[PDB]
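This document starts with two versions of one protein chain, written out as structure tokens and named structure 1 and structure 2.
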Structure 1
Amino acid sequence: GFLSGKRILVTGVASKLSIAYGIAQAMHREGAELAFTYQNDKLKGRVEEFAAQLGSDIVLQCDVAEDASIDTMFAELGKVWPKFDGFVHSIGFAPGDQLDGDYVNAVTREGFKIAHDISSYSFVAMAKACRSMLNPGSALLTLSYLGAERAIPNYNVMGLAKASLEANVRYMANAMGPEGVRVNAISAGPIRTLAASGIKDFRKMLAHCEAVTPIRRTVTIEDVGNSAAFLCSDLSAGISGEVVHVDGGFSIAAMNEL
């Protein structure tokens, strides 16, 4: 496939509904050799089983909250991939409290802190830690959301961390381009996954999206997986520091509901 010969680290898989899951399957379908991380004890099992199904037996622990855990992970991966071709960063978090109701009243200094640490800093931390291990031709990929560009009810502080993340995308691309690494993000339309069902009227929001989105449907993890597979391959050699909208054109339209 267009990814044969590449070695890519996929973080973030948590269920077959996960975006990273759709991204893994698509990169494997195109021939990439895959590696995986899991956050904690609760997820190791799920991730080993999916990794097995996609031909991989590289399943390593990584909590991006901790610098030591990122370094350790890259040390283990190094025994198997002295070098590789990039990773998909598909991680995000904000303390429950942060994403519901009036933004000014919900946010707290801690909430803000954690949300940015886990969703934005964690992307350049992973890069820092594996930098020398990357081949020229490598590609870094993170996942963002429209909340970073416009204020969306309930997304609250996550919008601030996503904005920080896209800017990180730009500064990471400008810093690493000289050594041969590209860095981009996919701004995905809303998809019902684990990380969502626990907040607001996500179901009513999806109905609204399907209605006003130009392609008249919400996007799927297969859609994201395909663009992701592409952003992480040599077919996108001319793209870097870009935030690509894979939301069916939702964001480029206005007042369609009327």
Structure 2
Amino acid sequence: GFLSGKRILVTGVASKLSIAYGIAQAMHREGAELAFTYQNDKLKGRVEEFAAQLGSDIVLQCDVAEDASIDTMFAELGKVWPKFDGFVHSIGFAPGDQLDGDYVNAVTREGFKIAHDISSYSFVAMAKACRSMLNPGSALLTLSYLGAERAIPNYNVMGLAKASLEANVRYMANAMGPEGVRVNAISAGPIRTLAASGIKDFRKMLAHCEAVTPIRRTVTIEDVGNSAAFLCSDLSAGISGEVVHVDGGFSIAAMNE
């Protein structure tokens, strides 16, 4: 496949619904060698199962709120993958009270802080921690959302955190380009999931999108997974510092009434 010979780290698998599960599946189908991280003990088993299913026994814990957690994980990784070809960052967080109602009223200093720390800083923290382990030709990928570009109801402070994240992509891309490392993001559309979201009225969002999206359907984790695999392969060597919208053309239309 087009990822044959690549060794890639995938973060944020939490369930088969997780965008990262879709990315891992597709990367694995294209031949990449995979490693996985899990945030906490309550997730370990699951992830360990999925890894197995994808031919991997590299399964490490990592909580991005902790520097030491990140250092330790790469220390362990280095035991098996002294050098590797990049990683997928599919992680985010904000306290739920932040995600419901009038932004101005909902937002708090702490909520703001946490959201940006976990959803944005973590991306460069990881890079900082594995920089010297990366091969020439490596690629880093993160998952964004249209909320970084437009004010969306209830998404609230996540919007600011994702904007911060998209700038992080540009700053990282620029800084690590010359060493041979590419950095991009995928701005995915809302993905249908029966599972309960923390974002107030997500279902409504979904329904709306299906209706006014040019391609007339919401994207799947397979759509995202396939774009992610490509952006992480040498096939996209001419692309860096880019935020690729994988939302079926949703953001480019207006008034599809």
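Counting starts at 1 with the first residue of structure 1 and goes up one by one along its sequence. In this text, the rigid core denotes the largest set of C-alpha atoms whose superposition between the two forms falls within 1.5 Å.
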{"item": "Single mover in 193, 69, 56, 220, with Cα shift of 2 Å or more between structure 1 and structure 2 when the core is superposed", "value": "193"}
{"item": "Cα displacement of residue 205 between structure 1 and structure 2, once the rigid core is superposed (Å)", "value": "1.6"}
{"item": "Inter-form CA displacement between structure 1 and structure 2 at residue 84 - rigid core frame, Å", "value": "0.3"}
